[PDB]
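Take a look at this single chain, the form deposited in one PDB entry, given in C-alpha cells.
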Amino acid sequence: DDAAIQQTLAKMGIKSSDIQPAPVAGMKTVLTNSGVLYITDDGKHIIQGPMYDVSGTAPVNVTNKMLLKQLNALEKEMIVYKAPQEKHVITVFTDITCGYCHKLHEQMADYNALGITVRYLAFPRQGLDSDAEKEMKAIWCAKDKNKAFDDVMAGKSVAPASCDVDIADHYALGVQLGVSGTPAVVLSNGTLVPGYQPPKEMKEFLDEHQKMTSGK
C-alpha cells in the first residue's frame, strides 16, 4: 500500500520519488532522499538494504537496478554526442565550470572518432541554486541542447531558458550513485568510474572493460 508507505516516510521526514514492487513478497523498493529502502506493504518495517537476488544466473543488486531505472528515465534529458559508428556508450556527469569537463568536451570529436558516444547529465559540483546549476538549466532547456552546450563550453553566452528539465534530478541521482567529482563516468553496465580520461586511454579502458565484462 503506497499510501501507508508514504505516511510512514512523512512521519520520518523522508521523501520518496519512486516506489516499485520488490522481488520479495509483501515488500516494495522505495527510492528516497535517504537512499533506496525496502519497506513492507503496510509501511511498518523498513530494511536498509541493498537487496540482492541470489537466485539466478548471478548475484544481482536490486538497489543498483532501482537506481539504473532512474537513469533510464533521464535518457530523454541527456545531451547525446553520438559516435559515427557506435562501439561504446557512456553517460557522463559533467559541470560546465569544471576544467577537466571543458577538456573532455573539447576532445569530443576524438572520443566520437574512436567510437565512443557520450551522453551528458548535469552535475553542478557547487550544488543546486549555484551559478553552474542555473547555467546548465538554460543549456538543457535550449532549442538545441548540443549547440547550446557547445556554445557555452566555447566561451559564449547561452540564452536563458525554461523547461521541465530538473537539474536537481541529475545531481541527486549522481549523488545516489556515488558521484564525488566531475567528470564522472557511468558505464553501459551501470558501473561508476569517477574521473577524466583522454580519448585514446578512454577507448582502451572501455575496450578492456567490455572484454572483462564479457569474459573475453
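Numbers for residues come from their place in the sequence shown, where the first is 1. Here, rigid core means the biggest group of C-alpha atoms that superpose within 1.5 Å across both forms.
What comes next is about the form deposited in another entry, which does not appear here.
Colleague: Against the rigid core, a Cα displacement of 2 Å or more between this form and the one not shown applies to just one of 37, 179, 148, 167. Which?
Modeller: None of the others reach 2 Å, which leaves 37.
Colleague: If you line up the core, does residue 9 shift 2 angstroms or more at its C-alpha between this form and the one not shown?
Modeller: Shift at residue 9: 2 Å or more after core fit.
Colleague: Residue 48: with the rigid core matched between this form and the one not shown, does its Cα shift 2 Å or more?
Modeller: Comparing forms between this form and the one not shown, the residue 48 CA shifts at least 2 Å.
Colleague: Look at residue 199 and decide if its Cα position differs by 2 Å or more between this form and the one not shown after superposing on the rigid core.
Modeller: Shift of 2 Å or more: no.
Colleague: Using the form shown as baseline, tell whether residue 37 and residue 182 are closer or farther in Cα-Cα distance in the other form, where the change reaches 3 Å or more.
Modeller: Relative to this form, closer in the other form.
Colleague: Relative to what we see here, could you say if residue 49 and residue 178 have their Cα atoms closer or farther apart in the other form, with a change of 3 Å or more?
Modeller: The answer is closer, because the C-alphas of residue 49 and residue 178 approach each other in the other form by 3 Å or more.
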